[PDB]
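The next block holds one structure in the form of structure tokens; read it before the comments.
2 protein chains.
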Amino acid sequence: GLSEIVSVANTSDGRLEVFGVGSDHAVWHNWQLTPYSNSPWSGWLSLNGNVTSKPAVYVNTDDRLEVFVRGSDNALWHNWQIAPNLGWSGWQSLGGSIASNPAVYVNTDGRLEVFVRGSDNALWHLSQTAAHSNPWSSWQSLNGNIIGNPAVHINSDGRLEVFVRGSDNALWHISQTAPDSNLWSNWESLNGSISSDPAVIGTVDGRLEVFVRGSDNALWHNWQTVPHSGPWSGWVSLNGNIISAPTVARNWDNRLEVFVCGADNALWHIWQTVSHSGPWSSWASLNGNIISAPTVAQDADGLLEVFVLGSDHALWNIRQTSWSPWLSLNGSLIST
Amino acid sequence: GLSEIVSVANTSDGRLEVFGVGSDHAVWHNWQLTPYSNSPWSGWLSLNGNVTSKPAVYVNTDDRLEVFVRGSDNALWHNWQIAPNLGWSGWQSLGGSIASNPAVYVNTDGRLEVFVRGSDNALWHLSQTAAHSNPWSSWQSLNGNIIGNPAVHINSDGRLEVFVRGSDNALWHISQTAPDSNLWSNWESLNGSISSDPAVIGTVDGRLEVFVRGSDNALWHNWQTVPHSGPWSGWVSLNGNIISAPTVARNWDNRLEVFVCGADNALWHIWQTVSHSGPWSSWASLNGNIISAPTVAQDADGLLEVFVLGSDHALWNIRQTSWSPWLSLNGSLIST
Ligand SMILES: CO[C@@H]1O[C@@H](C)[C@@H](O)[C@@H](O)[C@@H]1O
Ligand SMILES: CO[C@@H]1O[C@@H](C)[C@@H](O)[C@@H](O)[C@@H]1O
Ligand SMILES: CO[C@@H]1O[C@@H](C)[C@@H](O)[C@@H](O)[C@@H]1O
Ligand SMILES: CO[C@@H]1O[C@@H](C)[C@@H](O)[C@@H](O)[C@@H]1O
Ligand SMILES: [Cl-]
Ligand SMILES: [Cl-]
Ligand SMILES: [Mg+2]
Ligand SMILES: [Mg+2]
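Chains as they are written, first to last, in my numbering: chain A, 7 to 342; chain B, 7 to 342.
Pasting the structure below:
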């Protein structure tokens, strides 16, 4: 299945900032000039680098953005703001030999932690040694045999939990045994037969919920039946016909809403109705002609905004206001 | 002027939980049984103790609630959940000699920090030594000379910043010089002539904004004019005739909204219109007959919910749905 090709972050002064791989293999970025849904943008600025994955951005607990990418030497590289929303550090290597997009999250103690597929197809991770600070830990293996980019979320008890496509096409997960801990659970399978990266989110009632493209090209989901613990519900189809990984976000009223690339290469969405954890809507098309997975953020106004690579390789955007019309932010962007 | 008499926390499984002082001077709590605006409440459970302030509750970054109170001995006492949303430790003293409600915030490294007025009218503080865990640091003075209760917020660069009524009845502030620092700036005056505790919130564009009852009994506000920095706007009146401390929250679409006890002992509110930093609305009454400052929280549905001590000395609640009818949560509660 197709993968996400940008990340979006919310700056601490409330503006969205988008990171992509340019046609020159540099990381480029583009941001809203003002904190509002209909805001004009800066246009495209290079952060240089020579990269071969999607960039994954996270906001440090001191509000500096940090971007993680696979370099063309297959090491993990990072670049950070020197102060919130201000200038950038330049590229520093964190070593390793990686084969995926990095996935990033923040621990309860403010330390960033990065998960990758290694060249041995295990899940590997490493972390800041102190809140929002260098230096970083050594690389550590969590074993396994995976084929997806990993996805990571924090549980409602502070424990990170990672979801991957296994070599058997099942969904697998592994979690921290306590908040911030270097001791993880064994690998456990959630079964299923999947054909995308998984997407995970935390419901408002504190349960993780995971979304995948099944072998039948439908969207399927599975969720913790209690906060921060198994058992899981087991697999439920939301139907459709999709060709990307799904992406999921929480609306302002905490209904989940999922975005995919359809078989017709349009953007489609489906949502919980009425309230959080409510019964799901029909599938609805937002049109377009897209060649990536969609990426979704919530803006300062509380409205969802979606970013996609268009058939022309520009970055395009559409927002809750009916949704807005499609709007191009130009650029020449690539998939990895 | 009248103060807040409950504190409210958003638990990690999406339920509101209210703490108050009972007529027996113990701390009591009550919670939504499910994570919905529509939810029935548990009713009051005692946490015992013998207290002479409002309790202040905070959620540790590992999702365990923790409550801070002034004991009858004038010491700072705390009580914590042993697991998220599960059982309570019972009371432990952190010593000191305090004269105010405590105010608690979390640092960027996950360490709770508590701010009090000392017996010497100076601002004092102490902090967890590691993320979300005992032991605590020594008591330390940040000096100054203050009246009533402090208020604390985090800046959009992760620096804590505290606001107090000084003994000259101006608003004063003091901030960490760096995220998680123990080095604070000097005291600075923002002038004014106030007769309540201040309330502080962070706007969606990253600027702190403070609300106070002025000596004229109007609601006044002042804001950082840039993210995380002076100079401030200087004081502007939002008029009205109020007899409590104000409380403020952000709506789903990030319009700030302020709640007060009016001179007619009704609950009144006023909000930013159209968007975050659109012009303020007219004052509007939500009726009721109340004898405290209101306390506001956002529920899992993205809806504001307000708690007040009624004339019957029960706790009452009213919520965004046109607001709901008033609903009694019963109990027998007191101010200190
Ligand atoms: C630190 O170890 C190096 O990088 C890891 C991310 C793995 O790819 C491993 O095979 C390799 O030897
Ligand atoms: C449990 O069902 C299995 O896993 C799901 C994720 C889907 O791929 C379905 O077609 C497959 O048979
Ligand atoms: C505006 O610049 C265009 O888009 C960027 C994202 C890069 O692909 C660059 O090479 C290209 O010319
Ligand atoms: C606009 O109304 C004024 O302010 C409100 C907050 C109330 O105190 C009311 O009695 C007073 O007249
Ligand atoms: Cl299987
Ligand atoms: Cl003592
Ligand atoms: Mg299986
Ligand atoms: Mg003593």
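Where is the CB? At the ideal position from N, CA and C, for every residue including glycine.
- With burial defined as no fewer than 16 other Cβ atoms inside 10 Å of the residue's Cβ, what is the status of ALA157(B): buried or exposed? For the purposes of this step, residue 157(B) is taken as the residue at position 151 of the second sequence. By the 10 Å Cβ count, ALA157(B) comes out buried.
- Item | Beta-carbon neighbours of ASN260(B), restricted to chain A and to distances below 7 Å | The residue labelled residue 260(B) in the question sits at position 254 within the second sequence. Ordered by position in chain A, the residues that pass the 7 Å Cβ test against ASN260(B) are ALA306, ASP307 and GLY308.
- Query: Can you give the beta carbon distance from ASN295(A) to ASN271(A), rounded, assuming they're within the 8 Å contact cut?
  - Reply: In the first sequence, counting from the first residue as 1, residue 295(A) sits at position 289. In the first sequence, counting from the first residue as 1, residue 271(A) sits at position 265. Separation of the CB atoms of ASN295(A) and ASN271(A) is rounded to 5 Å, and the pair is thereby assigned contact status at 8 Å.
- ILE248(A) CB to nearest heavy atom of ligand 2 below 6 Å: The count along the first sequence starts at 1 and reaches residue 248(A) at position 242. No - ligand 2 has no heavy atom lying nearer than 6 Å to the Cβ of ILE248(A).
- Item | Supposed close pair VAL57(B), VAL33(B) - CB separation, criterion 8 Å | Sequence index remark: in the second sequence, residue 57(B) carries index 51 (1-based). Sequence index remark: in the second sequence, residue 33(B) carries index 27 (1-based). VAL57(B) to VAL33(B), Cβ: 6 Å. Contact.
- Query: Which value, in whole angstroms, describes the spacing of the CA atoms of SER202(B) and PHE217(B)?
  - Reply: Residue 202(B) sits at position 196 when you count from the first residue of the second sequence. Residue 217(B) sits at position 211 when you count from the first residue of the second sequence. C-alpha separation (whole angstroms): 9 Å.
- Find out if the Cβ-Cβ distance for the pair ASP115(A), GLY164(B) is shorter than 7 Å. Position 109 of the first sequence, counting from 1, holds the residue named residue 115(A). Position 158 of the second sequence, counting from 1, holds the residue named residue 164(B). Not a contact, by the Cβ cut-off of 7 Å.
- Task: Measure the CB-CB distance between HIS282(A) and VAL232(A) and report whether it falls below 7 Å.
- Result: Within the first sequence, residue 282(A) is the residue found at index 276, counting from 1. Within the first sequence, residue 232(A) is the residue found at index 226, counting from 1. No; because the gap between Cβ atoms is not below 7 Å, this pair is not in contact.
- Residues bridged to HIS179(B) (per DSSP): Sequence index remark: in the second sequence, residue 179(B) carries index 173 (1-based). Answer is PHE169(B) and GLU194(B), bridged to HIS179(B).
- Message: Count Cβ pairs between the stretch 213 to 230 of chain A and the stretch 248 to 256 of chain A that sit closer than 8 Å; are there 3 or more?
- Response: The stretch 213 to 230 of chain A, when compared against the stretch 248 to 256 of chain A, does touch it at the 8 Å Cβ threshold.
- Query: With a Cβ-Cβ cutoff of 7 Å, do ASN91(B) and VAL73(B) count as a contact?
  - Reply: By one-based count along the second sequence, residue 91(B) stands at place 85. By one-based count along the second sequence, residue 73(B) stands at place 67. No, they are not a contact pair.
- Query: Whole-angstrom Cβ separation of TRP274(A) and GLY246(A), contact assumed at under 8 Å?
  - Reply: Start at 1 with the first residue of the first sequence, and residue 274(A) comes out as number 268. Start at 1 with the first residue of the first sequence, and residue 246(A) comes out as number 240. Contact flag correct, Cβ pair sits at about 7 Å.
- May I ask whether a heavy atom of ligand 1 can be found less than 6 Å away from the beta carbon of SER103(A)? Taking the first sequence and counting its residues from 1, one reaches residue 103(A) at position 97. Checking the Cβ of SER103(A) against ligand 1 gives yes.
- Going by CA-CA distance only, name the one from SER243(A), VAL254(A) and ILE297(A) that's closest to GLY268(A). For the purposes of this step, residue 268(A) is identified with residue 262 of the first sequence, where counting begins at 1. For the options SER243(A), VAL254(A) and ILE297(A), the alpha carbon positioned closest to that of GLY268(A) is the one of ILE297(A).
- State the Cα-Cα distance for the pair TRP145(B) and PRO46(B), rounded to the nearest angstrom. Translated into positions along the second sequence, residue 145(B) becomes position 139. Translated into positions along the second sequence, residue 46(B) becomes position 40. Those two C-alpha atoms are separated by around 41 Å.
- Message: For the stretch 203 to 225 of chain A, list every residue whose C-beta sits within 7 Å of some C-beta in chain B, in sequence order.
- Response: Those would be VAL210, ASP211 and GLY212, in chain order.
- Message: Under 7 Å, CB to CB, which of the residues in the stretch 280 to 302 of chain A have a partner in chain B?
- Response: Listed by position, the residues of the stretch 280 to 302 of chain A near chain B (Cβ gap below 7 Å) are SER281 and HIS282.
- Task: Could you tell me which uninterrupted beta strand (DSSP E) segments, each at least 3 residues in length, are contained entirely in the stretch 201 to 286 of chain B, listed from first to last along the chain?
- Result: Listed in chain order, the beta strand (DSSP E) elements of length 3 or more contained wholly in the stretch 201 to 286 of chain B are 205 to 208, 214 to 219, 225 to 232, 235 to 238, 253 to 256, 262 to 267 and 273 to 277.
- Closer than 7 Å, Cβ to Cβ, to anything on chain D: give me those residues from the stretch 31 to 51 of chain B, in chain order. Structure shown: chain D not included; protein chains present are A and B.
- Item | Other residues of its chain near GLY284(B): CB distance less than 8 Å, five sequence neighbours each side excluded | The residue given as residue 284(B) occupies position 278 in the second sequence. Taking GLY284(B) as the centre and dropping the five residues before and after it, the same chain places the C-beta of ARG261 and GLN278 closer than 8 Å to its C-beta, in chain order.
- Which two residues bound the contiguous beta strand (DSSP E) that contains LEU129(B)? Locating residue 129(B) in the second sequence gives position 123, counting from the first residue. Here the beta strand (DSSP E) through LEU129(B) covers 129 to 136.
- Query: Are the C-beta atoms of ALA15(A) and some chain B residue less than 7 Å apart?
  - Reply: Locating residue 15(A) in the first sequence gives position 9, where the first residue counts as 1. False, the Cβ-Cβ gap to chain B never drops below 7 Å.
- Query: Leaving out five residues before and five after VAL168(A) in sequence, what residues of the same chain have Cβ atoms less than 6 Å from its Cβ?
  - Reply: Position 162 of the first sequence, counted from the start, is the residue given in the question as residue 168(A). Same-chain partners within the cutoff: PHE121, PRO156, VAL158 and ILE180.
- When burial is assigned at 16 or more other CB atoms within 10 Å of the CB, is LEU51(B) buried or exposed? To locate residue 51(B), count along the second sequence from 1; it is residue 45. Exposed, by the Cβ-count rule.
- Message: Given a cut-off of 7 Å on the beta-carbon distance, is the pair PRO108(A) and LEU129(A) in contact?
- Response: As a first step, residue 108(A) is located in the first sequence; it is residue number 102 there, counting from the start. As a first step, residue 129(A) is located in the first sequence; it is residue number 123 there, counting from the start. Result no, Cβ atoms of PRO108(A) and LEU129(A) do not sit closer than 7 Å.
- Message: I want to verify the contact list: residues of chain B whose CB lies under 7 Å from the CB of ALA137(A), in sequence order.
- Response: On the first sequence, position 131 is the one that residue 137(A) refers to. For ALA137(A), the chain B residues whose C-beta falls within less than 7 Å of its own C-beta are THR114, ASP115 and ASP186, listed in chain order.
- Please go through the same chain and pick out, in chain order, the residues whose beta-carbon is closer than 8 Å to the beta-carbon of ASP174(B), but skip the five residues on each side of it. The residue given as residue 174(B) occupies position 168 in the second sequence. For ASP174(B), where only same-chain residues beyond five positions count, the Cβ hits under 8 Å are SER195.
- Query: If you count every other CB in all the chains shown that lies within 10 Å of the CB of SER43(A), and 16 or more means buried, which is it?
  - Reply: Locating residue 43(A) in the first sequence gives position 37, counting from the first residue. Buried, since its Cβ has 16 or more Cβ neighbours within 10 Å.
- Cβ atoms of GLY20(B) and residue 344(B): under 7 Å apart, would you say? In the structure as shown, chain B starts at 7 and stops at 342, and residue 344(B) therefore has no counterpart that could be examined.
- Message: Mapping the DSSP letters down to three states, classify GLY164(A) as helix, strand or coil.
- Response: Your numbering for residue 164(A) matches position 158 in the first sequence. Looking at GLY164(A) - three-state DSSP - the assignment turns out to be coil, as it is neither helix nor strand.
- Message: Contact defined as beta carbons within less than 8 Å: I believe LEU310(B) pairs with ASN257(B). What is the distance between those atoms, to the nearest angstrom?
- Response: Residue 310(B) sits at position 304 when you count from the first residue of the second sequence. Residue 257(B) sits at position 251 when you count from the first residue of the second sequence. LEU310(B) to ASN257(B), Cβ: 7 Å. Contact.
- Query: Looking at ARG123(A) and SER133(A), is the spacing between their C-beta atoms short of 7 Å?
  - Reply: The sequence position of residue 133(A) within the first sequence is 127, counting from 1. The sequence position of residue 123(A) within the first sequence is 117, counting from 1. No, Cβ-Cβ distance for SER133(A) and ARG123(A) is not below 7 Å.
- Item | Buried versus exposed call for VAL302(B) [16 or more other C-beta atoms within 10 Å across all chains shown] | Within the second sequence, numbered from 1, the residue matching residue 302(B) stands at position 296. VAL302(B) is buried by the Cβ-count criterion.
- Cβ neighbours of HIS227(B) in the same chain (closer than 7 Å, five flanking residues each side left out): On the second sequence, position 221 is the one that residue 227(B) refers to. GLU215, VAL216, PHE217, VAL242 and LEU244, listed in sequence order.
- Message: Any heavy atom of ligand 7 inside 6 Å of the beta-carbon of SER52(A)?
- Response: Taking the first residue of the first sequence as 1, we reach residue 52(A) at position 46. No; taking the cut-off as 6 Å, the Cβ of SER52(A) has no heavy atom of ligand 7 nearer than that.
- Item | Reference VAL170(A), options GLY208(A), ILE153(A), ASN223(A) and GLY77(A), closest by Cα | Taking the first sequence and counting its residues from 1, one reaches residue 170(A) at position 164. Of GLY208(A), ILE153(A), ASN223(A) and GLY77(A), the residue nearest in Cα terms is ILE153(A).
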